[PDB]
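Enquirer: input-v1.txt is the file, holding compact mmCIF, C-alpha atoms:
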# COMPACT_ATOMS: atom_id res chain seq x y z
CA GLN F 1 36.04 30.19 -34.81
CA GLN F 2 34.94 33.78 -35.26
CA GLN F 3 38.49 34.75 -36.07
CA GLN F 4 38.80 32.08 -38.72
CA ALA F 5 35.55 33.19 -40.29
CA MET F 6 36.57 36.83 -40.47
CA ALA F 7 40.01 36.03 -41.84
CA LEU F 8 38.46 33.69 -44.38
CA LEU F 9 36.29 36.54 -45.57
CA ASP F 10 39.39 38.61 -46.12
CA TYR F 11 41.26 35.86 -47.97
CA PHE F 12 38.23 35.33 -50.17
CA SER F 13 38.14 39.02 -50.92
CA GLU F 14 41.80 38.84 -51.83
CA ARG F 15 41.12 36.21 -54.45
CA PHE F 16 42.54 37.57 -57.70
CA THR F 17 39.32 36.83 -59.53
CA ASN F 18 37.15 39.46 -57.98
CA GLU F 19 34.04 41.58 -58.13
CA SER F 20 36.23 44.46 -59.23
CA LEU F 21 37.48 42.47 -62.19
CA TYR F 22 34.04 41.61 -63.41
CA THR F 23 32.85 45.16 -62.85
CA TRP F 24 35.66 46.60 -64.93
CA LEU F 25 35.29 44.04 -67.68
CA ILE F 26 31.55 44.61 -67.85
CA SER F 27 31.93 48.34 -68.18
CA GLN F 28 34.29 47.95 -71.10
CA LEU F 29 32.28 45.32 -72.90
CA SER F 30 29.09 47.29 -72.34
CA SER F 31 30.47 50.28 -74.17
CA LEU F 32 31.72 48.11 -77.00
CA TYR F 33 28.47 46.19 -77.32
CA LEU F 34 26.32 49.29 -77.52
CA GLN F 35 28.50 50.77 -80.22
CA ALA F 36 28.49 47.51 -82.14
CA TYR F 37 24.72 47.43 -82.03
CA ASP F 38 24.44 50.85 -83.59
CA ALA F 39 27.08 50.02 -86.18
CA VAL F 40 25.84 46.69 -87.47
CA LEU F 41 22.24 47.84 -87.31
CA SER F 42 22.98 50.54 -89.85
CA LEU F 43 24.41 47.97 -92.24
CA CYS F 44 21.44 45.69 -91.80
CA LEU F 45 19.10 48.55 -92.64
CA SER F 46 21.09 49.11 -95.78
CA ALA F 47 20.82 45.41 -96.58
CA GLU F 48 17.04 45.49 -96.40
CA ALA F 49 17.00 48.50 -98.70
CA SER C 1 0.18 34.12 -21.49
CA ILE C 2 1.56 33.49 -24.98
CA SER C 3 0.35 33.97 -28.57
CA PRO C 4 1.66 32.58 -31.88
CA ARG C 5 3.34 34.71 -34.53
CA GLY C 6 1.73 35.17 -37.94
CA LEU C 7 3.60 33.88 -40.99
CA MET C 8 5.04 36.62 -43.19
CA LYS C 9 3.19 37.47 -46.40
CA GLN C 10 4.59 36.55 -49.81
CA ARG C 11 3.44 37.66 -53.26
CA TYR C 12 4.04 37.30 -56.98
CA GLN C 13 5.46 40.18 -58.96
CA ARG C 14 4.22 41.30 -62.36
CA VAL C 15 6.63 41.44 -65.28
CA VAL C 16 6.09 43.73 -68.26
CA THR C 17 6.77 42.41 -71.75
CA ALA C 18 5.18 44.93 -74.12
CA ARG C 19 7.36 46.30 -76.90
CA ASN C 20 7.28 49.13 -79.43
CA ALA C 21 8.62 49.24 -82.97
CA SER C 22 9.58 51.91 -85.49
CA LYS C 23 9.58 51.87 -89.29
CA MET C 24 12.77 52.54 -91.22
CA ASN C 25 13.94 52.90 -94.81
CA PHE C 26 17.22 53.80 -96.43
CA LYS C 27 18.62 54.65 -99.84
CA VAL C 28 20.12 52.02 -102.16
CA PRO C 29 23.73 51.29 -101.15
CA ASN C 30 26.78 50.58 -103.29
CA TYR C 31 26.77 46.82 -102.74
CA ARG C 32 24.64 43.98 -104.04
CA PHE C 33 22.28 42.15 -101.70
CA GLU C 34 24.29 38.96 -101.27
CA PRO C 35 27.58 40.66 -100.32
CA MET C 36 25.50 42.73 -97.95
CA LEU C 37 23.95 39.57 -96.56
CA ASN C 38 27.33 37.99 -95.91
CA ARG C 39 28.63 41.11 -94.21
CA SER C 40 25.53 41.53 -92.10
CA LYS C 41 25.30 37.94 -90.96
CA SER C 42 28.92 38.04 -89.84
CA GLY C 43 28.29 41.17 -87.82
CA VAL C 44 25.06 39.85 -86.33
CA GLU C 45 26.78 36.69 -85.16
CA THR C 46 29.52 38.72 -83.56
CA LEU C 47 27.01 40.89 -81.73
CA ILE C 48 25.04 37.90 -80.47
CA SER G 1 45.48 50.13 -95.93
CA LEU G 2 41.90 51.34 -95.82
CA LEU G 3 42.91 54.95 -95.45
CA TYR G 4 45.24 54.86 -98.43
CA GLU G 5 42.81 52.90 -100.55
CA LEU G 6 40.08 55.49 -100.13
CA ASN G 7 42.01 58.71 -99.33
CA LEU G 8 39.27 59.67 -96.88
CA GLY G 9 41.25 62.55 -95.39
CA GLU G 10 42.22 61.86 -91.78
CA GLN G 11 40.27 59.48 -89.55
CA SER G 12 41.25 56.71 -87.18
CA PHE G 13 39.89 53.70 -85.34
CA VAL G 14 42.99 51.82 -84.28
CA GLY G 15 44.57 53.09 -81.08
CA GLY G 16 47.39 52.08 -78.81
CA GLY G 17 47.27 51.25 -75.13
CA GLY G 18 44.75 48.43 -75.30
CA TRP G 19 46.89 46.19 -73.13
CA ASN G 20 46.84 46.43 -69.35
CA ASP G 21 48.43 44.31 -66.67
CA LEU G 22 45.78 44.71 -63.99
CA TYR G 23 43.34 43.18 -66.46
CA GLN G 24 45.95 41.21 -68.39
CA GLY G 25 44.81 42.81 -71.68
CA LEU G 26 41.69 40.66 -71.62
CA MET G 27 39.35 43.00 -73.53
CA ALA G 28 41.83 44.08 -76.20
CA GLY G 29 40.66 41.80 -78.99
CA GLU G 30 37.10 42.90 -78.42
CA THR G 31 38.14 46.50 -78.88
CA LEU G 32 39.88 45.49 -82.07
CA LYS G 33 36.73 43.75 -83.21
CA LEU G 34 34.70 46.91 -82.82
CA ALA G 35 37.31 49.05 -84.55
CA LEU G 36 37.37 46.59 -87.43
CA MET G 37 33.60 46.79 -87.61
CA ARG G 38 33.70 50.56 -87.89
CA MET G 39 36.28 50.35 -90.63
CA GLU G 40 34.12 47.82 -92.46
CA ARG G 41 31.13 50.13 -92.17
CA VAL G 42 33.05 53.04 -93.59
CA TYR G 43 34.40 50.93 -96.43
CA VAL G 44 31.00 49.70 -97.53
CA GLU G 45 29.59 53.18 -97.14
CA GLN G 46 32.25 54.99 -99.15
CA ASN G 47 33.32 52.41 -101.74
CA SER G 48 30.97 53.90 -104.31
CA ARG G 49 31.70 53.34 -107.98
Let me see the structure of the file written as structure tokens.
Expert:
Amino acid sequence: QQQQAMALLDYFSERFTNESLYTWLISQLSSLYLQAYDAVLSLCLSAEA
Amino acid sequence: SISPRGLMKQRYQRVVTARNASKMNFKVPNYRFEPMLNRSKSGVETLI
Amino acid sequence: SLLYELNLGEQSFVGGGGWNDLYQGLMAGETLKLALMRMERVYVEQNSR
């Protein structure tokens, strides 16, 4: 039983969809999002003016 | 002899929600307000 | 197109290498979105009469 549990943990870790994937994705999107915020904000300021 | 064990303490946690704001102004741009509105709304939606 | 239409010297936003296999190019379009946004900004900013 212990063996099955440990192996299962490994197989789960080896799922293609993985923590690493989300981490990577997040880092990319984060950078994009921050830049987008700055960008569009400038245009909105101009719109109010 | 034996004695019972006290139940572990639990507590709420405060959450801050104050916010600051800053004033801004900018010079008149090249484009009319409604074009600007269309552009801006598109961008805003994308960001959201 | 933008660069020719405004002759703004030499600047760039588009870049190659957005695809990747390990992440199956998932974030590429988002990068394109941001680049497009920056180009739009510049256009509105510089398209003075």
Enquirer: In Å, how far is it from CA of residue 2 in chain F to CA of residue 18 in chain F?
Expert: 23.5 Å
Enquirer: Dump as number ranges by chain the residues of chain F that approach chain C to within 12 Å, counting only C-alpha atoms.
Expert: F: 29-30, 32-49
Enquirer: Against chain C, which residues of chain G fall within 9 Å? For each one I want the closest pair of atoms and the distance in Å (one decimal), counting only C-alpha atoms, rows by chain and increasing residue number, as a tab-separated table.
Expert:
residue	atom	partner	partner_atom	distance
G:33	CA	C:46	CA	8.8
G:37	CA	C:43	CA	7.7
G:40	CA	C:39	CA	8.8
G:44	CA	C:30	CA	7.2
G:45	CA	C:30	CA	7.2
G:46	CA	C:30	CA	8.2
G:47	CA	C:30	CA	7.0
G:48	CA	C:30	CA	5.4
G:49	CA	C:30	CA	7.3
Enquirer: So, counting only C-alpha atoms, which residue among G:2, G:14, G:39, G:34 is closest to chain F?
Expert: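 Counting only C-alpha atoms, the residue closest to chain F is G:34.
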Enquirer: Could you check how far CA of residue 45 in chain C sits from CA of residue 31 in chain G, in Å to one decimal?
Expert: 16.3 Å
Enquirer: For chain G versus chain F, which residues have an atom no more than 12 Å away, and what is each residue's nearest atom pair and distance in Å rounded to one decimal, using all atoms listed in the file, chain-then-number order, as CSV?
Expert:
residue,atom,partner,partner_atom,distance
G:18,CA,F:28,CA,11.3
G:20,CA,F:25,CA,11.9
G:21,CA,F:21,CA,12.0
G:22,CA,F:21,CA,8.8
G:23,CA,F:21,CA,7.3
G:24,CA,F:21,CA,10.6
G:25,CA,F:25,CA,10.4
G:26,CA,F:25,CA,8.2
G:27,CA,F:25,CA,7.2
G:28,CA,F:28,CA,9.9
G:29,CA,F:29,CA,10.9
G:30,CA,F:32,CA,7.6
G:31,CA,F:32,CA,6.9
G:32,CA,F:32,CA,10.0
G:33,CA,F:32,CA,9.1
G:34,CA,F:36,CA,6.3
G:35,CA,F:36,CA,9.3
G:36,CA,F:36,CA,10.4
G:37,CA,F:39,CA,7.4
G:38,CA,F:39,CA,6.9
G:39,CA,F:39,CA,10.2
G:40,CA,F:39,CA,9.7
G:41,CA,F:43,CA,7.1
G:42,CA,F:39,CA,10.0
G:43,CA,F:43,CA,11.2
G:44,CA,F:43,CA,8.6
G:45,CA,F:43,CA,8.8
Enquirer: Figure out the distance between CA of residue 27 in chain F and CA of residue 20 in chain C, please, to one decimal in Å.
Expert: 27.1 Å
